[PDB]
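Chains as they are written, first to last, in the working numbering: chain A, 1 to 339; chain B, 340 to 678.
Let me begin by presenting the structure, written as structure tokens, before commenting on it.
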Ligand SMILES: NC(=O)c1ccc[n+]([C@@H]2O[C@H](COP(=O)([O-])OP(=O)(O)OC[C@H]3O[C@@H](n4cnc5c(N)ncnc54)[C@H](OP(=O)(O)O)[C@@H]3O)[C@@H](O)[C@H]2O)c1
Ligand SMILES: NC(=O)c1ccc[n+]([C@@H]2O[C@H](COP(=O)([O-])OP(=O)(O)OC[C@H]3O[C@@H](n4cnc5c(N)ncnc54)[C@H](OP(=O)(O)O)[C@@H]3O)[C@@H](O)[C@H]2O)c1
Ligand SMILES: [K+]
Ligand SMILES: [K+]
């Protein structure tokens with residue numbers, strides 16, 4: 001990569017490397033010549049991915065353990081030697097228990113930033129936020145435009161005021177955890193003025209290859225894979241209308257945030273285009289014409305939101321892409337094709 | 340009051356009227372010729388204050404009951420006929436249990452704002468926030484200036500990340516509850532554009548008369564009264580050097596926010612000057628030479644924070660005052676003098 005601000009072969013700390021998005025961020029860092037120390041809550045959580053990366057990128061990936069992101073100094077040992085940090089770990093269980101989701105989301109973010117601020121080698125930091133840190137869209141509302149000043153303050157209300165029993169409690173607790181963790185990351189930069197540059201990535205519903213189906217749920221792509229196998233996840237209905245994005249493109253957006261000089265202090269939307277669950281089923285039938293799939297769901301509208309993707313497309317074009325990877329190619333990365 | 344936006348004799352709904360700050364807001368509204376409907380979770384919580392106000396301002400105060408301010412429509416009956424609303428009720432127990440403090444603070448605020456938005460007679464709404472929605476000051480830190488753009492983002496971190504066992508957990512939980520409730524109040528105005536104007540009051544440590552010591556703890560002034568009687572409250576150690584304000588002045592600031600035409604969309608600091616507990620004890624010894632008082636506490640130094648009090652002083656001057664009521668007079672309002 002020309003003009004890369006982290007020299008070739010530099011070490012990047014990636015937190016939550018056993019997770020779905022984290023494994024794609026690790027993959028693209030390794031693919032572009034960087035060494036990676038990936039954290040997980042246990043060595044066994046990364047065992048299969050370590051075997052994959054040892055075979056594909058020999059001697060470039062290393063496992064590191066961080067069991068609790070809330071303990072003080074959680075990342076103080078794993079940060080040593082790193083030129084960049086990608087903080088991707090956060091609770092995505094959709095648990096309705098506020099105290100189980102919001103404190104690790106905020107605590108992990110701030111412990112990672114504090115470790116980076118105390119480590120002179122760290123020059124760049126990328127935080128995985130979410131499109132939900134800006135908005136949880138409603139069906140068919142024209143004229144909504146989201147940009148780097150958009151914040152989901154509605155989620156702060158709903159995460160605390162909805163009863164624990166509400167069917168959407170977990171979704172709103174999750175959105176508030178992302179909103180507050182990202183707000184506090186930018187405030188940390190303003191207050192402490194550390195010697196590294198921050199960028200954030202805000203993915204939409206991420207679709208792509210599950211590298212290790214044996215010990216990776218696959219998050220959003222695991223829900224899609226369950227539907228491919230005829231299982232309607234209870235979590236599927238706990239989602240409103242929205243945009244998709246390729247997991248491969250999300251890997252590239254984090255890489256660009258870590259190494260491109262023209263991307264500084266940005267909130268990078270990973271939002272390719274709207275989609276619905278009947279478009280997913282239509283692509284399954286096209287890719288696997290012999291297979292039986294669930295019947296179409298009722299029409300659940302469309303997300304008409306428009307995002308300021310200028311830095312997102314600047315990153316993809318600087319890293320050799322023509323634009324966003326298509327919805328059909330993103331689903332094919334996950335479920336393949338019959339022929 | 341000349342040029343008042345709420346005509347003379349208008350009705351103002353005051354939530355949490357049995358509380359310390361709420362009873363002073365009710366007192367100054369009644370003193371300036373407005374009718375007040377004050378709410379409490381039971382009629383007995385307001386019985387003694389109702390007796391006071393019936394004797395001092397006959398036929399001007401009405402008790403109203405709002406048992407639960409978190410549920411939907413909680414303020415739907417008490418809002419009828421109101422030209423102004425002062426929302427004062429919020430948890431001030433300093434409990435370290437986040438889920439017992441933050442949800443009623445946010446939920447009560449938003450439920451009052453939604454009731455006001457649905458009621459065309461409501462022209463003004465004043466929310467009691469806190470100086471802690473901007474900052475929890477650290478000792479002897481120079482150059483900190485708080486203005487209408489200051490927000491206590493540090494409290495959002497500490498309220499969730501500190502363990503429940505931390506000595507300051509309750510203080511940070513309380514500061515976050517004020518910070519989030521007031522942020523969501525301004526967001527509500529921006530999102531819904533209702534036909535009323537919001538102003539907020541951010542008091543410092545409020546000192547003044549406890550009107551009904553039999554059924555009012557007196558909050559901050561109750562801690563001062565315990566110290567006057569020789570008792571060091573366990574909560575006193577949570578209040579280090581910080582600013583004080585007269586309870587009488589806080590009553591006037593809410594009155595100005597409800598009725599002065601020149602105060603709109605403002606965050607009004609109720610911050611008179613720094614104080615420390617040794618200054619409180621020195622005033623006690625001066626006012627009561629025959630009583631013994633506790634020895635001085637360890638000199639923790641002073642709060643050096645400076646607040647933008649330009650709208651606060653505009654309100655006090657418009658309501659006939661020269662400026663802030665002094666520290667010695669505020670303490671004398673609570674404990675009197677020996678002769
Ligand atoms: N998938 C999407 O479409 C999408 C969209 C927007 C943003 N994101 C963000 O992407 C990041 C990764 O999520 P994902 O979708 O890849 O889900 P995932 O596969 O469940 O990965 C989540 C990662 O976070 C770790 N983690 C969760 N709770 C933790 C805790 N309490 N302490 C330490 N580590 C913890 C998990 O480790 P364990 O295995 O040990 O639990 C895992 O490594 C999150 O920040 C998420 O908000 C994802
Ligand atoms: N005193 C100060 O120095 C100071 C400084 C800054 C801001 N404030 C603000 O002033 C307001 C009043 O507090 P205060 O100092 O006057 O304390 P207070 O004397 O204890 O009064 C608190 C009031 O809030 C009500 N309340 C508390 N939790 C409630 C709940 N869950 N549901 C309904 N009502 C509830 C109380 O009613 P119950 O008796 O029914 O519990 C009472 O009316 C609060 O918003 C506080 O943050 C006070
Ligand atoms: K990839
Ligand atoms: K008063």
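We put the beta carbon where it would ideally sit given N, CA and C, even for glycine.
Check your understanding: First and last residue of the alpha helix (DSSP H) that includes residue 310(A)?
Key -> Taken as a continuous stretch (DSSP letters only), the alpha helix (DSSP H) holding residue 310(A) covers 310–318.
**Study point:** Own chain residues within Cβ distance below 7 Å of residue 130(A), not counting five before or after
**Key:** Cβ neighbours of residue 130(A) beyond the five flanking positions: 178, 202, 203.
Check your understanding: Which of the three DSSP states, helix, strand or coil, is assigned to residue 293(A)?
Key -> In the structure shown, residue 293(A) sits in coil (DSSP, three-state: anything other than H, G, I, E or B).
Exercise for review: At 7 Å on the CB atoms, spell out the chain A contacts of residue 474(B), in chain order.
Suggested key: Ordered by position in chain A, no residue passes the 7 Å Cβ test against residue 474(B), which lies about 12 Å from the chain.
Exercise for review: Using 7 Å as the cut-off, classify the Cβ of residue 379(B) as near or not near the heavy atoms of ligand 2, replying yes or no.
Suggested key: At least one heavy atom of ligand 2 is found less than 7 Å from the C-beta of residue 379(B).
Check your understanding: How many Å lie between residue 133(A) and residue 366(B) at the Cα?
Key -> Looking at the two C-alpha atoms, the distance is approximately 43 Å.
Check your understanding: Any heavy atom of ligand 3 closer than 7 Å to the CB of residue 251(A)?
Key -> A heavy atom of ligand 3 is found nearer than 7 Å to the CB of residue 251(A).
**Study point:** Contacting positions in the stretch 424–452 of chain B - beta carbon closer than 8 Å to chain A
**Key:** Taking 8 Å as the Cβ-Cβ cut-off against chain A, the residues of the stretch 424–452 of chain B that qualify are 437, 438, 441, 442, 445, 446, 449.
Exercise for review: For residue 651(B), I'd like the list of residues in its chain whose CB is within less than 7 Å of its CB, leaving aside the five on either flank, ordered along the chain.
Suggested key: Taken in chain order, the residues that qualify are 592, 607, 608, 609.
Point to revise | Check: residue 98(A) C-beta below 7 Å from any heavy atom of ligand 2 | key: Not one heavy atom of ligand 2 sits closer than 7 Å to the Cβ of residue 98(A).
Check your understanding: Which residues mark the beginning and the end of the alpha helix (DSSP H) in which residue 443(B) is found?
Key -> If you look at residue 443(B), you'll find it in the alpha helix (DSSP H) that goes 437–456.
Point to revise | Segment contact flag, the stretch 241–248 of chain A with the stretch 163–182 of chain A, C-beta cutoff 8 Å, min 3 pairs | key: The stretch 241–248 of chain A is not in contact with the stretch 163–182 of chain A.
Check your understanding: Using a Cβ-Cβ distance under 8 Å, would residue 189(A) count as near chain B?
Key -> No, because no Cβ of chain B sits closer than 8 Å to the Cβ of residue 189(A).
Practice item. For residue 496(B), return the contacting residues in chain A, with the cut-off set at a CB-CB distance below 7 Å. Key: Identification of chain A residues near residue 496(B) by a Cβ-Cβ cut-off of 7 Å yields 106, 110, 184, ordered along the chain.
Check your understanding: In three-state DSSP terms, what is residue 338(A)?
Key -> Assignment of residue 338(A) by DSSP, reduced to helix, strand and coil, places it in the coil class.
Check your understanding: In chain order, which continuous runs of the beta strand (DSSP E) of length 3 or greater are located wholly inside the stretch 237–278 of chain A?
Key -> With a minimum length of 3 residues, the continuous beta strand (DSSP E) runs that stay inside the stretch 237–278 of chain A are 242–246, 267–270, 273–275.
**Study point:** Proximity to residue 160(A) [Cα-Cα], best of 440(B), 530(B), 547(B)
**Key:** The candidate whose alpha carbon is nearest that of residue 160(A) is 440(B).
Point to revise | Supposed close pair residue 208(A), residue 334(A) - CB separation, criterion 8 Å | key: So it is a contact: roughly 6 Å between Cβ atoms.
Check your understanding: Which stretch, first to last residue, makes up the alpha helix (DSSP H) that contains residue 526(B)?
Key -> DSSP places residue 526(B) in the uninterrupted alpha helix (DSSP H) bounded by 508–531.
Review point. To which residues does DSSP link residue 671(B) through a beta bridge?
Key: Bridge partners of residue 671(B): none, in fact.
**Study point:** Range covered by the alpha helix (DSSP H) that runs through residue 497(B)
**Key:** For residue 497(B), the enclosing alpha helix (DSSP H) covers residues 492–500.
Review point. Does the separation of the CB atoms of residue 407(A) and residue 122(A) fall below 8 Å?
Key: Because chain A in this structure spans residues 1 to 339, residue 407(A) falls outside the shown range and cannot be described.
Practice item. Check the C-beta distance from residue 39(A) over to residue 65(A) and give it rounded, since I have them as a contact under 8 Å. Key: Indeed they touch by this definition, with Cβ atoms about 7 Å apart.
Practice item. Have a look at the DSSP bridge pairing and note the partners of residue 199(A). Key: Its beta-bridge partners are 126(A).
Review point. Just how far apart, CA to CA, sit residue 639(B) and residue 274(A)?
Key: Answer to the nearest angstrom: the Cα atoms are 58 Å apart.
Review point. Does DSSP put residue 394(B) in a helix, in a strand, or in coil?
Key: If DSSP states are grouped into helix, strand and coil, residue 394(B) belongs with the helices.
Review point. Can you pull the DSSP bridge partners for residue 35(A)?
Key: Bridge partners of residue 35(A): 11(A).
Review point. Should residue 340(B) be counted as a contact of ligand 2 given a C-beta to heavy atom distance under 7 Å?
Key: For residue 340(B), the shortest separation between its Cβ and any heavy atom of ligand 2 does not lie below 7 Å.
Exercise for review: Leaving out five residues on either side along the sequence, give the residues of the same chain with a beta carbon under 7 Å from the beta carbon of residue 251(A).
Suggested key: For residue 251(A), where only same-chain residues beyond five positions count, the Cβ hits under 7 Å are 24, 25, 27, 28.
Check your understanding: If you draw a straight line from the C-alpha of residue 521(B) to the C-alpha of residue 646(B), how long is it?
Key -> Cα to Cα, residue 521(B) sits roughly 18 Å from residue 646(B).
Point to revise | Straight-line gap, residue 420(B) to residue 374(B) (C-alpha atoms, nearest Å) | key: Going by the C-alpha atoms only, they are around 11 Å apart.
Review point. Is there contact here, the stretch 397–417 of chain B with the stretch 443–462 of chain B, by at least three beta-carbon pairs under 8 Å?
Key: The answer is yes - the stretch 443–462 of chain B touches the stretch 397–417 of chain B, with three or more Cβ pairs under 8 Å.
Check your understanding: If contact means a Cβ-Cβ distance below 8 Å, which residues of the stretch 158–169 of chain A contact chain B?
Key -> Against chain B - using a Cβ distance shorter than 8 Å - the residues of the stretch 158–169 of chain A are 160, 161.
Practice item. With distances taken Cα to Cα, identify the nearest neighbour of residue 479(B) among 671(B), 642(B), 585(B). Key: If we check each option's Cα against that of residue 479(B), 642(B) comes out closest.
Point to revise | Environment of residue 724(B) [buried if 16+ CB atoms lie within 10 Å] | key: Examination of residue 724(B) is not possible in this model, given that chain B is present from 340 through 678 alone.
Review point. Which of the three DSSP states, helix, strand or coil, is assigned to residue 166(A)?
Key: Here residue 166(A) sits in coil by DSSP.
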